[PDB]
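Residue numbers (our numbering): 83 to 179.
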Ligand code: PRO
């Protein structure tokens, strides 16, 4: 579960500037719900965002959602029902792209 490999397979990243980055992973047939596969604050959020760019993972800024995911959903956990709609919207955009 190395940082680069996690980002590489991620579906979408949601961010609050350089402070927080949340890497979400959803694949029908593999994940029953979107999974928080990687998270970072500060230097680590910066690392995530540069790797995202290198691997062409869509990065969407949403400050309240990035904040709330970071507070509530730890790396390696699925999202909770609170997040289903908002994260479903972010996944559809990533698919759009
Ligand atoms: O400090 C926080 O807000 C988050 C909670 C889970 C991991 N870090």
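Note that the Cβ used here is the ideal one computed from N, Cα and C, for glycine as well.
Could you round the C-beta distance between residue 157 and residue 119 to whole angstroms and report it? I think they count as a contact, below 8 Å.
-> 7 Å
Presumed contact (8 Å Cβ cut-off) between residue 143 and residue 97, rounded CB distance = 5 Å
Rounded C-beta distance between residue 152 and residue 104? I'm assuming under 8 Å.
-> 6 Å
Reducing DSSP to helix, strand and coil, say where residue 34 ends up.
-> For the chain, the structure presents residues 83 to 179; residue 34 sits outside this window and is missing.
Can you check the stretch 136-170 for any alpha helix (DSSP H) of at least 4 residues that lies completely inside it and give the ranges in chain order?
-> 145-154
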